[PDB]
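[1] this one is an experimental structure. Sequence first:
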Amino acid sequence: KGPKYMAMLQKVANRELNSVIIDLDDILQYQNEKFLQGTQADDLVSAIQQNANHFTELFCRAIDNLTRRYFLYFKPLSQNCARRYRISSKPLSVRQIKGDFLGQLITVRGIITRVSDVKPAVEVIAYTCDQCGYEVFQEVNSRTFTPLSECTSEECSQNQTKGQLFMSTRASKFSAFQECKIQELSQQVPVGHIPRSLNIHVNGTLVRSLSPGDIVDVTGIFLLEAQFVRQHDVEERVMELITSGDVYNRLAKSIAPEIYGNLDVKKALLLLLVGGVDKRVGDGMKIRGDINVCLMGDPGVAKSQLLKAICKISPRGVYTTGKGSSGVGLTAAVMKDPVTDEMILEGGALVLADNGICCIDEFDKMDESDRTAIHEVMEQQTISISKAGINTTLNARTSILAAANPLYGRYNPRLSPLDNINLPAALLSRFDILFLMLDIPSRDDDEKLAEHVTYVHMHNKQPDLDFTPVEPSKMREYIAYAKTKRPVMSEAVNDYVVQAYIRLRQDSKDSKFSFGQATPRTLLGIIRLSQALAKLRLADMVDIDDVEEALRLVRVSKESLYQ
Amino acid sequence: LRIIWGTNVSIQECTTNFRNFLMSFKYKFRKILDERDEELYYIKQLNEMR
């Protein structure tokens, strides 16, 4: 060992590796060592950052001091090495490109929706002759080229004969080329704008470091020729939200205050966007640690506003629809690329929203093709396809929010709920929480809804209650801080859980107002909601107070039918 | 010494060693490839197939 770059050259001379990684931290330390000894620095870090395509062909010959056994790549310095000794590597958006950054090394952050297959692209074309023996090599740079049928050797110039040349697919140097489409991040896009894409052209050993359905930080030159990829004041803001008292009810009534009441439905929406605990048995079996909430209701009460507020507060929230391009908007279809002669896959709405809230407006207006793909990600976490062109398994961990209406628009008290709801038993049997948001006309309670809508239409401010509505950043930080908690259930809550489950199963196992039966998935959802309630209290254990709240929640979710 | 461009294969030397292996080979892989009667293993097959 010792001089690590010479040891890496010994390792490439031992023929064990083919990738060369150069960091700017060693450059900064060598610059510090040269500057502290009174020698001239002659800065490299301000010269590597501009025109790296000339530097990757110029420093390669200095390492060398057609026969390239290795592949040269770069990586930038972090912010920790940027604050030390007092930029070049900032997280850039695709809206923050400005046009004039064509040729700077940039680190872009974003999701990846479109990827292509690995294909061999030639760099130099080798031609062989039988008349002279001097094999020639031409260099291509563009997407296309022309065959050099005329001989340009050093022996055919001084000759009458100009004999035929042939090509060699073995002596020609190829490269594992792959194109990818990076997309703009959801909370980094401005107000009203859409997340536009950008193209990244990778080559060599980085060709298998990009699997779709993830967030990546790509560092490369901008012609995008990637060089290195990677993947994934605040305490005062969380402690002042905690210290006010009644954290759960304050965080419940803080989100979406432009509507009237319904603290229970939106309280379960709070437990829905906090997610829960993903459980792994470590023996090849993974169960869901997610909730899926149905909102079945009659028109008159607002439904798109709660859905829009949940997608606006939570990150990566994607608004969907029932009809239109939904059939291709829920699965990966195929299309012809307008920049090259290849077929690519277009991703649906379940692939750009990987870890988050996936919402469906007008659930009964869809078809069987949408339902068969929604039920598959509702049960487990992977998308399976069997059509011609792609046969992969796509990872997806999404929380399904659904908004639906009955068969005749509103409800019917003379009809059973199994006949009022057109969805089959396997769909709502998987649904742990279904909210029958039914409107009933009254004399006293309707005046408060009328007073609230006239107060929010008079001015943008909320009613004068002794509570202030919390901004999106603070509870977004609270949800991100509560998500790392892993609560463990006790034995005293275990004996209450099994007795309530036995009594609920016996009570469930067949009349006019009945609907469904008790399933073990509902017991698992009750366990997940208790874990979410313990995660919202930031506790390491699950107490008796969460199960009695969750059972009250799931029973009052269906108790509105008697009104 | 004839050398093809980009190839480390000489014609006459490989021709002579291929002929030397073909005129003389009697189950040497049974003796030195592992720790696990006949004569002229390649002459009999080539004289049979013609």
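    Sure thing, it's come through. Numbers count the residues shown, from 1 in each chain, chains lettered A, B, ... in the order given.
[2] so which bits of the strand or helix carrying residue A:10 are buried?
    Secondary structure assignment for residue A:10, by DSSP states H and E: helix A:4-13. By neighbour count with 16 or more other Cβ atoms under 10 Å in any protein chain shown, helix A:4-13 contains the buried residues A:8, A:12. From N, CA and C alone the C-beta is placed, and that goes for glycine too.
[3] again, but for stretch A:259-266
    Neighbour counts over stretch A:259-266 (16+ other Cβ under 10 Å) mark A:259-260, A:264-266 as buried.
[4] looking at those residues, spot the one nearest chain B.
    The closest of the buried residues of stretch A:259-266 to chain B turns out to be residue A:266 (Cβ to the nearest Cβ; 72.1 Å).
[5] these two touch, right, that closest one and residue A:302?
    No. Taking Cβ atoms under 8 Å as the definition, residue A:266 is not a contact partner of residue A:302, at 11.5 Å.
[6] export stretch A:195-215 to CSV, keeping only CA atoms.
    Only the C-alpha atoms of stretch A:195-215 are listed here, as CSV (Å, rounded to 0.1, in the frame of the first residue of the first chain):
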residue,chain,number,x,y,z
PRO,A,195,-42.2,18.3,-13.0
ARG,A,196,-40.4,18.3,-16.4
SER,A,197,-37.7,15.8,-17.3
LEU,A,198,-34.1,15.6,-18.5
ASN,A,199,-31.9,13.0,-20.3
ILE,A,200,-28.8,11.3,-18.8
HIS,A,201,-26.5,9.2,-21.0
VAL,A,202,-24.4,6.8,-19.0
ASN,A,203,-21.5,4.6,-20.1
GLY,A,204,-19.4,1.8,-18.6
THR,A,205,-19.6,0.3,-15.1
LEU,A,206,-22.3,2.7,-13.8
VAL,A,207,-24.8,1.0,-16.2
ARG,A,208,-26.3,-1.2,-13.5
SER,A,209,-26.4,1.4,-10.7
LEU,A,210,-29.8,2.8,-11.9
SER,A,211,-32.9,0.7,-11.1
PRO,A,212,-36.2,2.5,-11.6
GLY,A,213,-38.5,3.5,-8.8
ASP,A,214,-35.9,5.4,-6.7
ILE,A,215,-34.5,8.8,-5.7
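[7] what's the spacing between the lengthiest helix in chain B and its chain's center?
    Identified as the longest helix of chain B according to DSSP state H is helix B:11-23. Centre-to-centre, helix B:11-23 and its host chain are 7 Å apart (Cα atoms, centre = their mean, to the nearest Å).
[8] ok, and for whichever helix or strand comes after it, which residues are buried?
    As assigned by DSSP H and E, the chain's next helix or strand after helix B:11-23 is helix B:28-32. Within helix B:28-32, no residue is scored as buried using 16+ other Cβ under 10 Å.
[9] just stretch A:495-505 next, same as before
    Going by 16+ other Cβ under 10 Å, stretch A:495-505 has these buried residues: A:497, A:500-501, A:504.
[10] write out the residues of chain A neighbouring chain B.
    Contacts of chain A with chain B, taken as Cβ under 8 Å from any Cβ of the partner chain, map to A:128, A:133-135, A:168, A:170-171.
[11] try it again at 6 Å.
    A:135, A:171 (Cβ under 6 Å from any Cβ of the partner chain).
[12] longest strand in chain A, please.
    Scanning chain A for the longest strand, with DSSP state E as the assignment, gives strand A:166-183.
[13] that strand pairs with which strands, parallel or anti?
    strand A:105-115 (antiparallel), strand A:119-128 (antiparallel), strand A:197-202 (antiparallel) (DSSP bridges).
[14] let's have those in CSV, adding mean neighbour count.
    Formatted as CSV, those follow (neighbours: other Cβ atoms under 10 Å in any protein chain shown):
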stretch, mean neighbour count
strand A:105-115, 21
strand A:119-128, 16
strand A:197-202, 18
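[15] quick one: contacts for residue A:306?
    residue A:256 (Cβ atoms under 6 Å, 6 or more residues apart in numbering or on different chains).
[16] secondary structure element for it?
    Assigned by DSSP H and E, residue A:306 falls within helix A:304-313.
[17] give me the buried positions along that helix.
    Neighbour-count burial for helix A:304-313 flags A:306-311, A:313 (criterion: 16+ other Cβ under 10 Å).
[18] ok, now stretch A:373-380?
    For stretch A:373-380, a neighbour-count test (16+ other Cβ under 10 Å) marks A:373-374, A:377-378 as buried.
[19] find the nearest non-adjacent residue to the residue positioned nearest the centre of chain A, please.
    Centroid check for chain A by Cα atoms, centre = their mean gives residue A:354 as the closest residue, at 3.9 Å. Residue nearest to residue A:354 in three dimensions, not counting chain neighbours: residue A:213, with 5.6 Å by Cβ to Cβ, 6 or more residues apart in numbering or on different chains.
[20] which residues touch that neighbour?
    By Cβ under 6 Å, 6+ apart, the neighbours of residue A:213 are A:351, A:354, A:395.
[21] now do the contacts for the last one.
    Looking back up the chat, that one is residue A:395. For residue A:395, the contact set (Cβ under 6 Å, 6+ apart) comprises A:213, A:382.
[22] before we move on, the earlier item: take the buried residues of stretch A:495-505 and keep only those in strands.
    Per DSSP E, the buried residues of stretch A:495-505 never map to strands.
[23] about what we covered before: now the longest strand of chain A: buried residues?
    A:171-172, A:176-183.
[24] what's the closest non-adjacent residue to residue 22?
    In the absence of a named chain, chain A is used. Computed as Cβ to Cβ, 6+ apart, the closest residue to residue A:22 that is not its neighbour in sequence is residue A:74, at 5.3 Å.
[25] wait, chain B was what I had in mind.
    Among residues not flanking residue B:22 along the chain, residue B:42 sits closest, at 5.6 Å (Cβ to Cβ, 6+ apart).
[26] is it true that the one you found touches residue B:25?
    Yes. With contacts counted by Cβ atoms under 6 Å, residue B:42 reaches residue B:25, the gap being 5.4 Å.
[27] for residue A:383, name its beta-bridge partners.
    residue A:394.
[28] mind checking how far it is from residue A:311?
    Remark: distance between residue A:383 and residue A:311 (Cβ to Cβ, to the nearest Å) = 21 Å.
[29] cool, residue A:489 as well?
    Distance, residue A:489 to residue A:311, using Cβ to Cβ: 32 Å.
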